[PDB]
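Basis for what follows: all heavy atoms, side chains included, without hydrogens, waters or symmetry-related copies. Read the numbers this way: they start at 1 and go in the same order the structure lists the ligands and their atoms. Per chain, numbering begins at 1; letters A, B, ... match sequence-line order.
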There are 2 protein chains.
Amino acid sequence: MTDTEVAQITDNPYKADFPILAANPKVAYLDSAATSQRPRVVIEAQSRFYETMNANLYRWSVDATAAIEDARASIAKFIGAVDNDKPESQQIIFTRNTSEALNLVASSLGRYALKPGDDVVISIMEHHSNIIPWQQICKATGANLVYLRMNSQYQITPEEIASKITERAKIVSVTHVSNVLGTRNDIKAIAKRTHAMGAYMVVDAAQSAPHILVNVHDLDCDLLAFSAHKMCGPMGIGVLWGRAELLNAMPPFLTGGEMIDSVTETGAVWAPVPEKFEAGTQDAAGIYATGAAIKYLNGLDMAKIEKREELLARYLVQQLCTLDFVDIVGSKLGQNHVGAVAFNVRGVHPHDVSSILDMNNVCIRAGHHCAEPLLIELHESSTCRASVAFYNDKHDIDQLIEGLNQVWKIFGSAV
Amino acid sequence: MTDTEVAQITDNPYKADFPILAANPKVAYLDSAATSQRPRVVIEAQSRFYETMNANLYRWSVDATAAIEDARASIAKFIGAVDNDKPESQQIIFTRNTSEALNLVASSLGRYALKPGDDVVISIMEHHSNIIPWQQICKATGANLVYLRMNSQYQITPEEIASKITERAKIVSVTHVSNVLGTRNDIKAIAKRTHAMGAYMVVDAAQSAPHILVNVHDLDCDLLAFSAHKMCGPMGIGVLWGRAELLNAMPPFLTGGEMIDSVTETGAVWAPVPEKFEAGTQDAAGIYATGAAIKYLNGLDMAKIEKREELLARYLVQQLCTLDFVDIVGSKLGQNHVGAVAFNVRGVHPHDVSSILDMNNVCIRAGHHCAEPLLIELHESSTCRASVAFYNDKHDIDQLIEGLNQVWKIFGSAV
Ligand SMILES: *Cc1c(COP(=O)(O)O)cnc(C)c1O
Ligand SMILES: *Cc1c(COP(=O)(O)O)cnc(C)c1O
């Protein structure tokens, strides 16, 4: 890392936008892979909605309706879902989180497409929300759950892709970026083999949408999901994008108010996409604030965010490599980590590491990070995990490193 | 209505707590049956969460965890779910809205309990979200959907309850209060016959929780759902309560992160209730603000809210009865309406009524109100609907009445 790069991450042009960080200047929040901190404008956008256009033909209702549509368009443009050049706003579906979006896909796409003997292929890197819905629908449909495995560099090889995704595959669902390893998978290449085999491509983008360019048209996926709260938006909002023809073909998930066109005692006619997939009163204020988060990120420029986060990831990994008592659970190259770096202090339980780090005002995660099959594959029962965002800086990372030296002094070999 | 009662509703001790009402003094918001307006403290409680304890072992995470638990307890106490005297906080499950809670119940309780030939009994008054999930699970399980019908006073009689809920019944799901008629159904009496017949009792309390005392122990229901946004809370938060033994018996609905205890490549062990039913990152800030709404309502005293809303409902119905060109779709007695009064201007489409009312700064709903089978039963294709909350006053209702006289001048018989 050059002097110029180190100077760039020593500077912090962004943290002042986050009230909780300004109010807590001592805290090094290194757990953005669990959830983002909130820009002031996103917090206020939610309150403004409630103060000025709160409603579910009168003006406040017209106003709330237009706010939802404008946020859908912003979200679509953010992920490259554009025609014309018009945003594909009607291919944007709201959920509570990525987890609900993946349950929706597994139920709806699974019922639509899976026959007994079909394969559903996922990776060993998947978060639990891109695992258990597939366990469940596979049992219900007679399909088989297949796993893509990793090589010694924590990657999925082209050879593994061709070996595991064969003619029996019907759905393939893979994380764009692992929330533990930080590995960025070659989703476009996986999609190519998936489609050759007559299968649909599902992408868990919860860890990519905050960090790297997501373009659904370039990725060639059929469905893609992420969570607003991991990209500076509010909690309570997840996004599902899908190809228009496929969403039309897929059956509804939740049923009830607002997702119908008409109802009788015995049956119902469904509304068009995306209302077909949105049952009952939606979180209009959260949707509105998700649009505000998108506008906020666009204003900072995602290319500048990515450049800064790349430098922070490189610095984090570099500094962890100077501690010989630290085992990095993942690649030892910082450029191979998008956002997340998992690690252990050798001989010390992550609960104890995190406790000492918290006493030093450093926030990390300890445990299996909702990727237990991955940790089992890696012969770990738990790890620490530090993660970086553009509102972090070099000093946050140095604080972590100083904390880990304190851990080693308290629990290390000398004791 | 006595002079004292009229004076009570002419006074408005509550509207100043609602920023959108203070900022829009001309507007008569008579659509609280669709969603509440937000007290200032509830809007600010959500922002405060994000500003001060935003996280998903470090302090902000401990703090967010304790906030969720404290809101669960407040909610449990609000609906009478108390031991000891301890709130049954672990029987409180969060969803996005009543609609998702009812889909959860229909899927989970339906898979658990329904055999082919069983009856599911609902009422003709149900909102679509307490209809279509039952259509769906009945088809999947071989059960039959049965409807409780009304008499000429818009009530369900004891004779109808005994006639339709027989030994084949396995699940009965009924609205506590109709969102169209304002009829309060005798849920406790329905529950008694339901249980005699070996069936489970489900209650849609979305229109009762904002207005009348809800005590799950006195109602004798097995499951009960409502929406925070209809009782001065934020959007995005629904509540499901269930008997502890039954929630334990019921299978999970959504699966994935946070609702497990452990996961392998092929299977999973579920977490205890209520985490078993909460998949992925929850809307902690919305949960927190829902607790704030409960505290706000408790501070006003629900008994005083109910007394005031009873007087407003009586006045609304009384004044509508003075307009001979208005047909009330429901009881002509104001005391038979909890919150909602549906009506039509004879010979005028509700879209036109609502449009003129909006030009007069009156907000009502027009259409089928997500209860189309009810309107079909009543030989209506659409109605108007005005609804009252404690932050309304006599002047709001007089504004509606003046607006309806304008409608009659523009579209009535003379034209
Ligand atoms: C955290 C995460 C999820 C789950 O997101 P929720 O918002 O909690 O539903 C899914 N996949 C990945 C890769 C994640 O990092
Ligand atoms: C509005 C309402 C519902 C639906 O509530 P959501 O919050 O939109 O899911 C269900 N039942 C009744 C009686 C309602 O009034």
Side-chain angles (χ1 to χ4, degrees), chain A residues 32-35 95-103 123 125-131 173-181 203-210 225-231 235-239 254 256-259 278-283 339-340 365 369-371 385 387, chain B residues 32-35 95-103 123 125-131 173-181 203-210 225-231 235-239 254 256-259 278-283 339-340 365 369-371 385 387:
Chain A
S32 74
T35 189
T95 64
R96 167 181 35 262
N97 50 26
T98 302
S99 301
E100 180 182 17
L102 296 171
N103 275 262
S123 88
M125 298 183 194
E126 292 321 305
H127 175 291
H128 291 159
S129 294
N130 205 24
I131 294 182
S173 187
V174 177
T175 187
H176 197 173
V177 175
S178 163
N179 63 317
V180 174
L181 304 172
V203 176
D204 179 350
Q207 183 69 0
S208 59
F226 58 97
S227 291
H229 70 88
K230 281 171 193 182
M231 59 184 293
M235 308 176 158
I237 298 303
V239 171
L254 302 191
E258 299 217 1
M259 54 79 60
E278 296 174 353
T281 299
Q282 298 303 300
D283 181 6
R365 180 129 290 191
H369 323 297
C370 296
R385 188 193 63 184
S387 61
Chain B
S32 74
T35 189
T95 64
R96 167 181 35 262
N97 50 26
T98 302
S99 301
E100 180 182 17
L102 296 171
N103 275 262
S123 88
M125 298 183 194
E126 293 321 305
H127 175 291
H128 291 159
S129 294
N130 205 24
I131 294 182
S173 187
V174 177
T175 187
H176 197 173
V177 175
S178 163
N179 63 317
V180 174
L181 304 172
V203 176
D204 179 350
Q207 183 69 0
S208 59
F226 58 97
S227 291
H229 70 88
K230 281 171 193 182
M231 59 184 293
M235 308 176 158
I237 298 303
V239 171
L254 302 191
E258 299 217 1
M259 54 79 60
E278 296 174 353
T281 299
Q282 298 303 300
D283 181 6
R365 180 129 290 191
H369 323 297
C370 296
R385 188 193 63 184
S387 61

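- Between A:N130 and ligand 1 there is no heavy-atom distance shorter than 4.0 Å.
- Of the options A:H128, A:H127, A:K230, the smallest heavy-atom separation from atom 5 (O) of ligand 1 is shown by A:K230.
- Side-chain contact between A:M125 and A:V180 is absent, with no heavy atoms from C-beta onward closer than 4.5 Å.
- In this comparison of B:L254, A:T98, A:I237, B:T281, the heavy atom closest to atom 8 (O) of ligand 1 sits on B:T281.
- Using a 4.0 Å cut-off between heavy atoms, A:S99 contacts ligand 1 through both its backbone and its side chain.
- A 4.5 Å side-chain heavy-atom check between B:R96 and A:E100 finds at least one atom pair inside the cut-off.
- Within the 4.5 Å cutoff, no side-chain heavy atoms of B:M259 are placed close to those of B:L254.
- Remark: the backbone N or O of B:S227 is paired with a side-chain donor or acceptor of B:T98 at under 3.5 angstrom.
- The distance from ligand 1 to the heavy atoms of A:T175 drops below 4.0 Å at these ligand atoms: 13 (C).
- Below 3.5 Å of separation, one finds an N or O of A:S227 facing an N or O of ligand 1.
- Looking at B:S129 next to ligand 2, no N or O pair under 3.5 Å apart turns up.
- At least one heavy atom of B:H229 sits under 4.0 Å from some atom of ligand 2.
- The closest side-chain donor-acceptor pair between A:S173 and A:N130 falls under 3.5 angstrom.
- Every atom of ligand 2 is numbered from 1 in the order shown, and the set under 4.0 Å from a heavy atom of A:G280 is 8 (O), 9 (O).
- Every atom of ligand 1 with a heavy atom of A:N179 under 4.0 Å away is listed here by number and element: 15 (O).
- Judged by distance alone, the side chain of A:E126 and the main-chain N or O of A:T175 form a donor-acceptor pair under 3.5 Å.
- Minimum interatomic distance between A:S208 and A:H176 (heavy atoms only, all atoms of both residues): OG-ND1, 2.9 Å.
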